[PDB]
Amino acid sequence: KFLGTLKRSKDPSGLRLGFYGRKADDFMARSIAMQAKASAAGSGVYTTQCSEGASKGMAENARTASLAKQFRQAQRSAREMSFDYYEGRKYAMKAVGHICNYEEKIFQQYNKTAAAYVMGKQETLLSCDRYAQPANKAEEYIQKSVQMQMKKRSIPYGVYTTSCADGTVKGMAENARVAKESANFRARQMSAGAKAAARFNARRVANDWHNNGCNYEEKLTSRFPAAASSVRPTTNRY
Amino acid sequence: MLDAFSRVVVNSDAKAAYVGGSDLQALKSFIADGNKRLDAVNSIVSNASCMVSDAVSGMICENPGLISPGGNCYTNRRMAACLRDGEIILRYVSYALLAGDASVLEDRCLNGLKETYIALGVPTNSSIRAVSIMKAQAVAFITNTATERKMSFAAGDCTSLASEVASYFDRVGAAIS
Amino acid sequence: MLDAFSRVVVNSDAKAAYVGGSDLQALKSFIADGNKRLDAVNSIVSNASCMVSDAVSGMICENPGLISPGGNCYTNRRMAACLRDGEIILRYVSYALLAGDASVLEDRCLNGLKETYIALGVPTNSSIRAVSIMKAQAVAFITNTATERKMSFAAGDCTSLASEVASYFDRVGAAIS
Amino acid sequence: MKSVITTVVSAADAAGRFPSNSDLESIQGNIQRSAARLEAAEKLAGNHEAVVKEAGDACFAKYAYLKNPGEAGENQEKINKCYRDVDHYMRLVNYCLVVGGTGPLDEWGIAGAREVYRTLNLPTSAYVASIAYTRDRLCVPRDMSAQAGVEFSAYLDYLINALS
Amino acid sequence: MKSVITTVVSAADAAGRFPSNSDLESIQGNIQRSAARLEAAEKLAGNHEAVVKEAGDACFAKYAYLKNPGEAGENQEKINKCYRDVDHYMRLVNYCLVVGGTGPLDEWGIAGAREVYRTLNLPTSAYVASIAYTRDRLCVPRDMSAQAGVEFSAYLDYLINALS
Amino acid sequence: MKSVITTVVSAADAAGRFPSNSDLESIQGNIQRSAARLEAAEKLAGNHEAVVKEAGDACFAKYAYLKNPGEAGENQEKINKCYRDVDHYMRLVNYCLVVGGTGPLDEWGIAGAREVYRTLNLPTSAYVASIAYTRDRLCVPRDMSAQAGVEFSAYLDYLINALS
Amino acid sequence: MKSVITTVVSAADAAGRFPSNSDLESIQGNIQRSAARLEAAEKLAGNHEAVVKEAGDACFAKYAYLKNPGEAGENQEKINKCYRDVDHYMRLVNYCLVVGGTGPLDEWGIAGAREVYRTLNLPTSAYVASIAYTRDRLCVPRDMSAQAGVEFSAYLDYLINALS
Ligand SMILES: *[C@@H](C)[C@H]1/C(=C/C2=NC(=C\c3[nH]c(C[C@H]4NC(=O)C(/C=C/[C@H](Cc5c(/C=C6N=C(/C=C7\NC(=O)[C@H](C)[C@H]7CC)C(C)=C\6CCC(=O)O)[nH]c(C[C@H]6NC(=O)C(C=C)=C6C)c5C)C(=O)O)=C4C)c(C)c3CCC(=O)O)/C(CCC(=O)O)=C2C)NC(=O)[C@@H]1C
Ligand SMILES: *C(C)[C@H]1/C(=C/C2=NC(=C\c3[nH]c(C[C@H]4NC(=O)C(C=C)=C4C)c(C)c3CCC(=O)O)/C(CCC(=O)O)=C2C)NC(=O)[C@@H]1C
Ligand SMILES: *[C@@H](C)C1=C(C)C(=O)N[C@H]1Cc1[nH]c(/C=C2\N=C(C[C@H]3NC(=O)C(CC)=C3C)C(C)=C2CCC(=O)O)c(CCC(=O)O)c1C
Ligand SMILES: *[C@@H](C)[C@H]1/C(=C/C2=NC(=C\c3[nH]c(C[C@H]4NC(=O)C(C=C)=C4C)c(C)c3CCC(=O)O)/C(CCC(=O)O)=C2C)NC(=O)[C@@H]1C
Ligand SMILES: *[C@@H](C)[C@H]1/C(=C/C2=NC(=C\c3[nH]c(C[C@H]4NC(=O)C(C=C)=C4C)c(C)c3CCC(=O)O)/C(CCC(=O)O)=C2C)NC(=O)[C@@H]1C
Ligand SMILES: *[C@H](C)[C@H]1/C(=C/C2=NC(=C\c3[nH]c(C[C@H]4NC(=O)C(C=C)=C4C)c(C)c3CCC(=O)O)/C(CCC(=O)O)=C2C)NC(=O)[C@@H]1C
Ligand SMILES: *[C@H](C)[C@H]1/C(=C/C2=NC(=C\c3[nH]c(C[C@H]4NC(=O)C(C=C)=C4C)c(C)c3CCC(=O)O)/C(CCC(=O)O)=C2C)NC(=O)[C@@H]1C
Ligand SMILES: C=CC1=C(C)[C@@H](Cc2[nH]c(/C=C3N=C(/C=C4/NC(=O)[C@H](C)[C@H]4CC)C(C)=C\3CCC(=O)O)c(CCC(=O)O)c2C)NC1=O
Ligand SMILES: C=CC1=C(C)[C@@H](Cc2[nH]c(/C=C3N=C(/C=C4/NC(=O)[C@H](C)[C@H]4CC)C(C)=C\3CCC(=O)O)c(CCC(=O)O)c2C)NC1=O
Ligand SMILES: C=CC1=C(C)[C@@H](Cc2[nH]c(/C=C3N=C(/C=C4\NC(=O)[C@H](C)[C@H]4CC)C(C)=C\3CCC(=O)O)c(CCC(=O)O)c2C)NC1=O
Ligand SMILES: C=CC1=C(C)[C@@H](Cc2[nH]c(/C=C3N=C(/C=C4\NC(=O)[C@H](C)[C@H]4CC)C(C)=C\3CCC(=O)O)c(CCC(=O)O)c2C)NC1=O
Ligand SMILES: C=CC1=C(C)[C@@H](Cc2[nH]c(/C=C3N=C(/C=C4\NC(=O)[C@H](C)[C@H]4CC)C(C)=C\3CCC(=O)O)c(CCC(=O)O)c2C)NC1=O
Ligand SMILES: C=CC1=C(C)[C@@H](Cc2[nH]c(/C=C3N=C(/C=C4\NC(=O)[C@H](C)[C@H]4CC)C(C)=C\3CCC(=O)O)c(CCC(=O)O)c2C)NC1=O
């Protein structure tokens with residue numbers, strides 16, 4: 001029984017919910033970033049916080065390092081888009097805290113909204129390794145060895161698997177290189193009232209989302225909170 | 001991800017069969033022309049800065065309807081993507097001549113290309129006309145029938161690799177459509 | 001990051017100099033000993049899983065004070081970390097025999113390592129005592145002076161290679177004390 | 001796959017650059033070694049049913065406690081399905097002996113092998129000691145060449161270093 | 001550095017694994033190629049000075065517009081600065097033929113070439129005019145050997161292909 | 001579109017708040033400035049080919065190396081290819097004077113501009129070698145005055161800084 | 001702050017770029033504004049305590065429920081403390097009037113207005129009536145011009161809508 005419209009092994013992505021749901025997925029994803037950028041330039045001033053380029057040739061190619069990354073995370077195979085659809089229902093449900101029923105049914109249906117609330121709240125709370133900084137050499141080498149085991153997701157077998165390709169054209173890597181060392185100089189101080197909005201919620205990202213137990217590494221964020229937000233255990237495969 | 005060595009393996013995996021002695025004596029045919037495979041990659045990668053500029057100026061003189069305003073390579077920004085789109089198509093097909101298998105192309109660029117070009121409006125007829133220059137440049141470069149530079153090596157067979165790079169350049173059109 | 005080959009080109013640009021013929025005899029010493037050294041890097045990695053199964057068990061049959069209640073390697077939340085702090089060492093010494101220069105050890109793990117350990121409360125007197133065993137594992141594995149392990153290669157000496165593996169096991173000892 | 005082709009063209013993919021003389025020095029080692037290093041791959045698949053017959057029993061020759069009640073090999077189909085798992089670790093070695101790498105052994109053998117064995121009450125030392133017995137079975141006459149057995153002794157020891 | 005023995009000792013870093021039995025086939029293939037390429041690197045170390053001036057005329061024999069005021073080749077200090085960077089650009093591929101690949105050029109030469117020749121207005125078409133005139137002086141007599149000029153004319157047109 | 005209109009209301013759009021009283025003086029900034037920034041456009045709305053002809057191969061006058069076999073301007077539709085890019089430039093600065101700022105060059109002329117003549121091996125200073133031939137031609141006799149000669153040198157000096 | 005200068009120098013900071021002509025056009029209308037707008041900066045200095053005294057007691061007249069127990073005005077120190085907050089308010093609505101933008105209303109007036117009156121049990125409805133005896137007083141009879149009166153209530157009940 002066949003010869004109609006049903007395939008025997010086609011290539012979906014899973015996650016599909018019809019044609020009338022991806023418009024409601026992407027518009028409510030864009031409403032998350034409408035509310036997430038209400039705290040960077042929410043006063044009415046683009047701060048020292050955004051900084052889309054450093055020089056003349058560093059602005060307009062930071063767009064092409066953002067929609068090629070939209071295309072690099074669109075040609076994923078049938079496992080790894082089945083993977084994070086079930087992981088957006090786990091990780092981003094640990095972002096609201098109060099399990100409320102209205103934003104229960106939305107976040108476990110609309111996975112682009114689920115992959116933007118966990119990414120929006122990690123830039124409102126300045127808790128990436130683009131905003132963090134050490135003070136000790138003991139704080140230093142613990143922080144960069146969690147970043148060394150964060151590359152085990154990208155190369156898990158001895159091949160790089162193209163999801164940290166960081167550049168398509170023959171000089172895009174060294175334009176992607178100097179923007180990183182400028183962004184730790186752009187997020188070098190951020191305020192005088194910063195390094196406590198960049199430090200105290202760094203002990204409110206790890207210890208309540210991921211490690212519900214394991215009181216030794218809960219007590220190491222109290223020692224060194226630089227590795228507490230450079231951990232990135234949200235599975236973005238990077 | 002996958003090669004000509006690992007195409008005999010993944011085919012024999014499906015029959016649950018060991019790799020024997022006569023299935024893989026065609027695998028040392030790949031080693032008998034092995035320095036032919038490596039004398040013919042340097043002709044393509046050392047001319048690959050001319051070859052993207054020969055192709056993106058090549059296709060526009062036959063259809064100058066999309067450098068017109070309202071076209072699809074009109075703007076200098078719109079042309080800058082075309083020097084970034086077609087630069088990596090010859091970068092990915094330089095891997096498949098080395099790898100011996102046309103599945104480097106299938107999963108780094110070809111997946112997701114065909115539903116972006118219906119969203120970014122790219123015409124399909126003009127795109128394969130750009131790739132059809134490059135299959136003629138590649139057969140002109142890996143033997144010594146080129147325009148100006150002759151990569152003079154110790155000569156012999158060259159056409160068994162020339163149909164192979166014709167068999168890797170055609171399938172860009174297979175998913176551009 | 002760096003190797004034996006690019007070490008001499010930084011010594012070129014102390015003065016912006018070149019590498020000629022008699023500037024190449026330091027690198028002719030490495031291109032001649034090429035089948036010795038590749039037969040001394042697989043000798044390490046074939047049994048490094050037992051080299052960590054000997055060393056930290058040799059740490060306790062020399063001083064069993066770390067399995068004391070209140071010790072540093074008491075529970076398996078602390079024992080499995082000790083089977084990781086030694087395990088990444090034998091990766092990094094094995095590249096230094098490959099690269100011909102201790103570089104990758106100094107870049108990745110032994111900058112601030114003793115400043116890291118004393119904030120973890122790590123007793124450093126057991127630390128050198130664990131890897132001084134590892135200095136003698138490698139000189140008795142690239143030579144065939146093991147008890148039952150006999151990975152017998154072809155004839156010829158590897159005692160100047162035994163001189164240089166202890167030149168990649170000394171720099172860890174000046175970095176954890 | 002972790003062939004010698006794939007680790008030098010994916011590193012160029014992660015910079016977005018063309019193949020170089022770096023990458024072409026890799027392939028000359030896959031010309032030079034493959035006139036010795038894949039020449040045992042005929043003779044692992046010439047006889048394998050005469051070779052894993054010496055690897056299937058040698059588990060039970062030194063682990064006779066498995067053929068007991070209340071353990072793994074209770075009836076004879078757990079003595080007969082127990083032999084294809086040691087046959088499947090020999091098809092993965094001559095797959096690895098031709099591709100130039102530990103590609104299929106890492107991704108089909110040791111991928112997820114921590115969890116299926118401990119759940120089914122199956123010890124990993126029954127797997128390891130049965131085919132570490134097939135590492136004292138090597139010489140230059142009637143086996144492969146002297147610089148071809150070390151290309152075969154490293155792939156058995158890749159299993160033993162990773163199942164441990 | 002982007003050498004092949006520097007690449008695969010960083011590919012085994014990021015997964016946390018040993019040097020496997022694929023990456024050390026490439027290190028044998030370096031010795032297959034360094035038997036016929038560093039024997040072509042003492043020859044350009046034999047002439048640091050004869051092969052900069054013929055490239056130094058090849059940027060001036062066709063570009064006679066530099067001696068106009070307000071341009072690159074103003075006076076003789078601006079034409080002896082013209083020589084010393086192709087003295088650098090043959091010092092740079094001196095290092096490439098003794099290390100193993102495109103190591104120092106991606107670090108020191110081409111990184112920042114997009115904005116040292118746009119802000120200082122140095123004409124980059126005269127840079128590739130000099131080194132291509134060095135490229136066709138290779139011959140079957142009179143030079144390095146027939147498998148030694150493959151690698152000299154591999155990084156020479158690579159630096160042409162970067163700036164193009 | 002970078003202007004005094006869209007950017008002062010995208011400043012209200014970033015915060016997620018109302019249109020504010022800081023916006024209303026910046027649009028008063030182009031209530032008053034459109035007696036000269038709207039009165040420099042029409043001097044080149046009736047002068048299109050008279051500008052680009054004598055200025056266009058004034059580039060070719062000062063550069064006697066763009067005509068050779070193996071070079072750019074060999075034949076005349078490629079000279080018209082050189083000419084039509086200068087036809088696009090003062091076309092685009094007509095749109096800059098009538099929106100509010102450098103916006104219609106910031107998307108349509110200068111975005112992604114610096115590499116696409118470099119891959120086309122064109123001298124990017126040779127575009128600048130005719131706009132500075134055109135920048136000095138502002139004059140309070142024969143044209144609009146020097147308070148409107150600051151808005152034809154508000155957009156022809158940003159174009160020579162874009163290729164710098 | 002959030003001034004008209006500190007908006008247009010932030011948007012050019014938002015990409016890391018030069019201040020172009022649209023940023024220079026964005027303060028040219030302050031020449032057409034601060035010859036008239038800054039004339040309203042004196043009328044609240046001439047009435048420091050004259051206009052806050054007759055407006056604030058009428059808030060006590062139409063909201064006469066602050067004489068009950070549990071309210072603010074149960075004694076004499078909350079009589080003065082209602083008044084001096086408006087002495088901070090009418091300084092800061094003058095402080096946006098002397099800088100142009102919306103800075104000192106948002107840097108020191110409203111950023112945290114949701115929390116400082118609910119735990120303190122002070123009504124935000126009384127702050128609507130605090131300016132509703134001042135918004136209905138802008139008469140160009142017996143005062144100065146409506147050229148400095150297009151913005152003044154448009155700051156003042158915009159302060160209400162910030163607290164609303
Ligand atoms: C669980 C809920 C507990 C809880 C937690 C707390 N969260 C806090 C702050 C906070 N939450 C979020 C997460 C938000 N992001 C998000 O997407 C979302 C849910 C989504 C909707 C979808 C949506 C709508 C929906 C309706 N619009 C309606 C209006 C009308 N309908 C009519 O008929 C007319 C026209 C009009 C009525 C006059 C309506 C009735 C809707 C349905 C609601 C319903 O059925 O329940 N509309 C639109 C379109 C526009 N709205 C909009 O917001 C945007 C732009 C994005 C547009 C174009 C959309 C998209 C939605 O997105 O709004 C939620 C909740 C975030 C990001 C924050 C931080 C910012 C903030 O402060 O809000 C807080 C406060 C503390 C803090 O940290 O700030 C808490 C305590 N709250 C609880 O009480 C629960 C225990
Ligand atoms: C505590 C006893 C837990 C528990 C912990 C385990 N974590 C393992 C791996 C792992 N953990 C983290 C986060 C953690 N590591 C850090 O360095 C810091 C900050 C200083 C934190 C919060 C990461 C990022 C990883 C992956 C690292 C890697 O795998 O290389 C783990 C497995 C060991 C290992 O694989 O390294 C364990 C057992 N698990 C538990 O059962 C309790 C509750
Ligand atoms: C800080 C991140 C911002 C908030 C908050 C906001 O609402 N807008 C941001 C500030 C800002 N930055 C610029 C300039 C650029 N923005 C760029 C990235 C955009 N280009 C893209 O393709 C995408 C993906 C959809 C984005 C976000 C780039 C690149 C620039 C440089 C200019 C360019 O060449 O495009 C602006 C624009 C106004 C201005 O005058 O710069 C704003 C408001
Ligand atoms: C770069 C200059 C290379 C090179 C490239 C080759 N191009 C070949 C054919 C070819 N080239 C073009 C583009 C050119 N011709 C035009 O008519 C126009 C403008 C309208 C341009 C820019 C076209 C259209 C074609 C035809 C495609 C075909 O071959 O059918 C080619 C092969 C034949 C030949 O040698 O001409 C090569 C090798 N040649 C070089 O030497 C440098 C390195
Ligand atoms: C001292 C450390 C050892 C020892 C080493 C020797 N090994 C010799 C030769 C040799 N080693 C290998 C394998 C190696 N080469 C590769 O290409 C690869 C990877 C694919 C590996 C692992 C081969 C193939 C050879 C043969 C080369 C030949 O001789 O034709 C060797 C002889 C060379 C010399 O004498 O300098 C020595 C001494 N031998 C010992 O006795 C201890 C145990
Ligand atoms: C002559 C004085 C010039 C010169 C011009 C050439 N330009 C060539 C290609 C080209 N130029 C542009 C920029 C221009 N065209 C547009 O459509 C727009 C925006 C709407 C602008 C600013 C573009 C986009 C292109 C690519 C299109 C194409 O290749 O035709 C070119 C080569 C053409 C060819 O070989 O087919 C030349 C010779 N070159 C010079 O040497 C001076 C500086
Ligand atoms: C009178 C018409 C009001 C009212 C005023 C009261 N405020 C009281 C305390 C208070 N208010 C603020 C915020 C306010 N004061 C300022 O100076 C500024 C701007 C610079 C603002 C927005 C603060 C920070 C405080 C506490 C500090 C202090 O006043 O010493 C208050 C006393 C409450 C109490 O302490 O019990 C009164 C009566 N309250 C009203 O009921 C109407 C609405
Ligand atoms: C790496 C080191 C290195 C060098 C030392 C020089 C090698 C070199 N090239 C030339 C220079 C030349 N040599 C020749 C002669 C030749 N004989 C022929 O039959 C052919 C046409 C051609 C090479 C096989 C010609 C025609 C020139 C001048 C033209 C030119 O340089 O392009 C000269 C000077 C005259 C001579 O000795 O020939 C030298 C020393 N090039 C290098 O790359
Ligand atoms: C924006 C509108 C705009 C135009 C329509 C053109 C106007 C214009 N100027 C010149 C060109 C000229 N006009 C003059 C004479 C002048 N007498 C003076 O007092 C000044 C120095 C100068 C006029 C400003 C000279 C000397 C030249 C040639 C060099 C030059 O460009 O200044 C030409 C070509 C030949 C000619 O007819 O003179 C044109 C069409 N330029 C513009 O910028
Ligand atoms: C206040 C709100 C606010 C933000 C969040 C950022 C949003 C933002 N992030 C990046 C750029 C980046 N942002 C991240 C951050 C993350 N990527 C992840 O996958 C994690 C979930 C997350 C925190 C670790 C990283 C890793 C980059 C580098 C390139 C990229 O991956 O996008 C850029 C490009 C330029 C730049 O670096 O600033 C911007 C605008 N800007 C803002 O104004
Ligand atoms: C991030 C990558 C990385 C390194 C660069 C090295 C170095 C290193 N070791 C430890 C951490 C440690 N290393 C040891 C090991 C020992 N301590 C002793 O007393 C003995 C001398 C020795 C046993 C052999 C112990 C016990 C810990 C701390 C674990 C704990 O206290 O819970 C840490 C901090 C936490 C951690 O990541 O484990 C780091 C960065 N190990 C790594 O994982
Ligand atoms: C890629 C390689 C590859 C493999 C290794 C196997 C791996 C494998 N083995 C078993 C399953 C099994 N494997 C064994 C094997 C053994 N028990 C012993 O004591 C001996 C050491 C050994 C063989 C001589 C046994 C006895 C079971 C059955 C377990 C059970 O049913 O409890 C299963 C589950 C299927 C089942 O239980 O029926 C799988 C996936 N398959 C593969 O595709
Ligand atoms: C070791 C690294 C190293 C390099 C890669 C080069 C690159 C380089 N060149 C120059 C600087 C220069 N390079 C040149 C060279 C040339 N111009 C031409 O037209 C010819 C094609 C070519 C020589 C044949 C000239 C003329 C200058 C000086 C330009 C100026 O001062 O404005 C500078 C600035 C410092 C200086 O020299 O004053 C640098 C870093 N020089 C280096 O030190």
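We name chains A, B, ... by the order of the sequence lines, and we start the count at 1 in each one. As the structure lists them, so they are numbered: ligands from 1, and atoms in each ligand from 1.
Heavy-atom separations between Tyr83(E) and ligand 13 include at least one value shorter than 4.0 Å. In this structure, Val150(D) has no heavy atom closer than 4.0 Å to ligand 5. Heavy-atom distances between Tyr89(E) and ligand 13 reach below 4.0 Å in at least one pair. Residue-ligand proximity: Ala126(E) is placed with a non-hydrogen atom under 4.0 Å from ligand 13.
Using modelled atom types and a 3.5 Å distance limit, the side chains of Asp57(E) and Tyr83(E) yield a donor-acceptor pair. Between the side chains of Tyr89(E) and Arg84(E), no donor N or O sits under 3.5 Å from an acceptor N or O.
The option with the heavy atom closest to atom 43 (C) of ligand 5, from among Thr143(C), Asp23(E), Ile142(C), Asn30(D), is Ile142(C). Scanning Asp143(F), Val140(F), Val51(F) for the heavy atom closest to atom 4 (C) of ligand 9 points to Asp143(F). If you check each of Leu105(E), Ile131(E), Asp85(E) against atom 8 (C) of ligand 13, the one with the closest non-hydrogen atom is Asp85(E). With atom 20 (C) of ligand 13 as the reference point, the heavy atom nearest to it among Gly112(E), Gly56(E), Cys82(E) is part of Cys82(E). Taking all heavy atoms of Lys81(E), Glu71(E), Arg84(E) into account, the minimum distance to atom 35 (C) of ligand 13 is reached by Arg84(E). Relative to atom 40 (C) of ligand 5, the option among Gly29(D), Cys158(C), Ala154(C) with the closest non-hydrogen atom is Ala154(C). Between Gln32(E), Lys36(C), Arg33(D), it is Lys36(C) that holds the heavy atom closest to atom 36 (O) of ligand 5.
Heavy-atom contacts of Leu38(C) reach the following atoms of ligand 5: 14 (C), 22 (C) (cutoff under 4.0 Å). Taking a cut-off of under 4.0 Å to the non-hydrogen atoms of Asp39(C), the atoms of ligand 5 that pass are 5 (C), 7 (N), 8 (C), 9 (C), 10 (C), 11 (N), 12 (C), 13 (C), 14 (C), 23 (C), 25 (C). Taking every heavy atom of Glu151(D) and a limit of under 4.0 angstrom, the matching atoms of ligand 5 come to 19 (C), 20 (C). Within ligand 5, counting atoms from 1 as listed, the ones closer than 4.0 Å to a heavy atom of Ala155(C) are 35 (O), 38 (C). Every atom of ligand 9 with a heavy atom of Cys139(F) under 4.0 Å away is listed here by number and element: 20 (C), 23 (C), 24 (C). Every atom of ligand 5 is numbered from 1 in the order shown, and the set under 4.0 Å from a heavy atom of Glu25(E) is 20 (C). Every atom of ligand 13 is numbered from 1 in the order shown, and the set under 4.0 Å from a heavy atom of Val86(E) is 24 (C).
Protein heavy atoms come within 4.0 Å of atom 27 (C) of ligand 13.
Using cut-offs of 30° and 60° for the angle between ring planes, the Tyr117(E) and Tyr127(E) rings count as tilted. The aromatic rings of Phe5(C) and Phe30(C) sit tilted, their planes meeting at an angle between 30° and 60°. Ring geometry for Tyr18(C) against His48(E) counts as tilted: the plane angle lies between 30° and 60°, on a 0 to 90° scale.
When the shell of 6.0 Å around NZ of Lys28(B) is examined, it contains more than 12 heavy atoms from other residues, nucleotides or ligands.
Residue-level proximity to ligand 9 for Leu138(F) is carried by backbone and side chain together, each with a heavy atom below 4.0 angstrom. Contacts between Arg142(F) and ligand 9, counted as non-hydrogen atom pairs separated by less than 4.0 Å, involve the side chain only. Contacts between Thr134(F) and ligand 9 below 4.0 angstrom, taking non-hydrogen atoms only, are absent altogether. Residue-level proximity to ligand 13 for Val116(E) is absent, since no heavy atom of it falls below 4.0 angstrom.
Backbone and side-chain nitrogen or oxygen atoms of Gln28(E) are examined, and one is located within less than 3.5 angstrom of a nitrogen or oxygen of ligand 5.
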